[PDB]
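Working notes, structure below.
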Amino acid sequence: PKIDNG
Amino acid sequence: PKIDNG
Amino acid sequence: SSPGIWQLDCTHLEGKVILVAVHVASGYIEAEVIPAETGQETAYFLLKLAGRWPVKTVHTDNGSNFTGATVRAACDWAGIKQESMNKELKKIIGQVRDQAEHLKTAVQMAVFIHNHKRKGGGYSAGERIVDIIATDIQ
Amino acid sequence: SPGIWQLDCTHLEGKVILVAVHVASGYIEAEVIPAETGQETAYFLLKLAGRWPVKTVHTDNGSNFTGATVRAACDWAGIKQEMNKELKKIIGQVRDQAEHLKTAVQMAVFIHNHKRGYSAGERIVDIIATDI
Ligand SMILES: [Cl-]
Ligand SMILES: [Cl-]
C-alpha cells in the first residue's frame, strides 16, 4: 500500500 | 584485529 | 580546505538512530537510519561517505561512539581528520512518512527532497556541492 | 549524458552486492544488500537518486524489476527505466582487513573512485558541473 511495499 | 572489529 | 569539510550529527525519531552528514559549504546532506549509535556503525557510515565525496575533515560531537578504535581506524584509513538541519530534515520526514511503511525509506525521500529543492537561477544543494568541488579541482 | 546510470548485481560469499555505475565517468556506488528483492532494490535506487541527478537507469530487467516497488520508487524520483570484475578484484585485495564483507566493499568503492589524470570521483563532478 505504501511506497516501499504493498 | 581488523578494521571494523577486532 | 573547505570543500572537504563535513559535519556529522545524530538525530532520533521513532526509537531509531539517524546519522546526518552535512557538507558545510553547500548544505548538501547524506543521512541514513542505522541499527545503533555504535563505533562500528558510525565507522561504516563514514567509510561510505568518504568513497563518494572528497572528505578531508569531519566535525563530530566527540561522544561515546568516537572514543573507541573503530571510527579512528576508518578515518585513518580514509585520510579523514577528526578536528536546524536535524529539524529541517525531521520536518520533511514528517511530510512523507505516511507514504512509506518504513522510516528508513521516509528518510531517503527526505534527503532527496532536501538535496533537490530549488528555493528560487538559485541552485539546489546537490548542484551547489558539485559546483564547489568542481571549482576546487580545476 | 550526465544523468545515465547502469545498475547490476554481483555475488560474493553468498551475499548480494548492487553496483551502480555512472556511465560517463566510471564512478561507482555499491552496497551489500540482504536480498535481491524489489524492496531492497528500490531502497538502493532511492538513495542514489538523492545524491546524484539521476535521469535514466539501465537495469538487467530481471525479477526484482517486475513488481510494484521499484516502479513506484523510480516514478516518485523521476527516473526512467530503459565493473563487477574490477570491483571484485579490489575487494579481494582488502578483504582480510575487515571482518565483514560489507566493509570490504565500501573500502573497494573508495579505492575505485579515488584511484588516479583524474579519478572517477573527479570526473563525475566535472561532468555534472559542466552540464548545470
Ligand atoms: Cl553521532
Ligand atoms: Cl539487479
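Quick reminder, even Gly has a Cβ in these numbers, built from the backbone with ideal geometry, and neighbours come from all protein chains shown. Laboratory data are not the source of any read-out in this text; all were calculated from the coordinates shown.
Please report the net charge: other residues with Cβ closer than 14 Å to the Cβ of C:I92, K and R +1, D and E -1.
Working: positive: C:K87, C:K90, C:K91, C:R97, C:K117, C:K119; negative: C:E88, C:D98.
Around C:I92, the charge tally is +4.
Let's test the formula: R0 of 30 Å, r as the Cβ-Cβ distance of B:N5 and C:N86. What FRET efficiency results, to the nearest 0.05? Working shown, then result.
Numbers: r = 29 Å, r/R0 = 0.98.
Using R0 = 30 Å, I get an efficiency of 0.55.
Please compute, for peptide C:65-75, the average count of beta-carbon atoms on other protein chains lying within 10 Å of each residue's beta-carbon.
Values: counts 0, 0, 0, 0, 4, 4, 0, 0, 5, 5, 0.
Counting Cβ atoms of other protein chains within 10 Å of each residue's Cβ and averaging gives 2.
Looking only at other chains, what is the average number of their beta-carbon atoms within 10 angstrom of each beta-carbon in C:47-57?
Values: counts 10, 9, 2, 6, 15, 11, 4, 6, 1, 0, 0.
Per residue, the number of nearby Cβ atoms from other chains is 6 on average.
Between C:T135 and D:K15, with labels modelled 7 Å along Cα→Cβ, what's the label distance in nm to one decimal, could you check?
It works out to 3.9 nm between the two label points.
Calculate the radius of gyration of the Cα atoms of the stretch C:13-69 to one decimal place, then report Dmax, the largest Cα-Cα distance, as a whole number, both in Å.
Looking at the stretch C:13-69, its Cα Rg and Dmax stand at 11.6, 32 Å.
If you split all Cα-Cα distances of the protein assembly as shown into 10 Å bins from zero, what percentages do you get per bin, shortest first?
Calculated P(r), rounded to whole percents: 6, 29, 39, 23, 2, 0.
Please give the FRET efficiency for C:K119 paired with D:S63, using the beta carbon to beta carbon distance and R0 = 51 Å, rounded to the nearest 0.05. Can you show the working numbers first?
Details: r = 41 Å, r/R0 = 0.80.
After rounding to 0.05, the efficiency reads 0.80.
With a sphere of radius 9 Å drawn around the Cβ of C:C10, what net charge do the other residues whose Cβ falls strictly inside it have (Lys, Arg +1; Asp, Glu -1)?
Result for the neighbourhood of C:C10: -3.
Using a 10 Å cut-off on Cβ to Cβ distances, tally the other chain neighbours for every residue of C:103-115 and report the average as a whole number.
Working: counts 0, 4, 10, 3, 3, 13, 8, 1, 5, 9, 1, 1, 5.
Neighbouring Cβ atoms belonging to other protein chains average 5 per residue here.
Compute the distribution of all C-alpha to C-alpha distances in chain D, in bins of 10 Å from 0, and list the percent of pairs in each, rounded to whole numbers.
12, 43, 34, 11, 0
Please give me the summed charge of the neighbours of C:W77: other residues whose Cβ is under 12 Å from its Cβ, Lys and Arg +1, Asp and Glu -1.
On the way: positive: B:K2, C:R72; negative: B:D4, C:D76.
Local net charge: 0.
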